[PDB]
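Take a look at the letters that make up each chain.
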Amino acid sequence: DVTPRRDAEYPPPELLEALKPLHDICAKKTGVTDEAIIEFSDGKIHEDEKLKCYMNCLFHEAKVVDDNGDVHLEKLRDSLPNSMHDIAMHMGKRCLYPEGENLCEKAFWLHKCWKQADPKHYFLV
């Protein structure tokens, strides 16, 4: 029911400009297409095997995992500022249980979980 939102008030225009590129990087790496990426953000949650890899590709890119993609939760927190940190703790009220078989499937679990958690603060990632 709730519709996605994002402007120059919640999402910082600075980290936003740095995201697009970072996104273009992993994307071009996963071979995926903005369409798939967008459809996932503006559209709805689709199951594009690539989008899943594109996500996993992000984890590694941002270098926030160990040596296999275990996604260090301790490092993930120390990464985002106290702002996203608080919003990250709120969403945690739904995920925290990667159900897949590999980084790709897992990376997706969280996203699909971080999206259904509260469809209003989610944007590109």
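The record names solution NMR as the way this model was obtained.

J.: Teacher, can you tell me more about the overall build of the protein here?
T.: Assigned secondary structure in the protein consists of six helices and zero strands. Counting from the amino terminus, the protein carries its helices and strands in the arrangement α-α-α-α-α-α. Taken over the C-alpha trace, the protein has a radius of gyration of 14 Å; the compact-globule value for 125 residues is 14 Å, and the two agree within 12%. Summarising its shape, the C-alpha atoms of the protein cover approximately 35 × 30 × 30 Å along the three principal directions. When the 125 residues of the protein are sorted by exposure, 29% land in the buried category. In the protein, the share of contacts with a sequence separation of at least 24, taken over all contacts with a separation of at least 6, comes to 60%. For the protein, the accessible surface area stands at approximately 8,600 Å², while carbon and sulfur atoms represent 52% of it. Treating the 17 positive side-chain charges of the protein as one cloud and the 24 negative ones as another, the clouds have centres 2 Å apart.

J.: What is the right way to read the side chain of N56 from this model?
T.: Among the secondary structure elements, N56 is positioned in helix α3 (residues 49–61). Among the residues examined, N56 registers a relative accessible area of 13% and is labelled buried. Leave out the neighbours within four places in its chain, and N56 touches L103, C104 and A107.

About the cut-offs
Residues numbered from 1 in each chain as written, not as in the entry; some residues may be left out. Heavy atoms only, no water. Helix = DSSP H or I, 4+ residues; strand = E, 2+ residues; numbered from the N terminus. Rg over C-alpha atoms; globule rule 2.2 N^0.38 Å. Buried < 20%, exposed > 50% of the residue type's maximum accessible area, 1.4 Å probe, protein only. Contact = heavy atoms within 4.5 Å. Areas by Shrake-Rupley, 256 points an atom, 1.4 Å probe, with all protein chains shown as cover. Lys, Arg positive; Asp, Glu negative; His and termini not counted. Charge placed at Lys NZ, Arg CZ, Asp CG, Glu CD.

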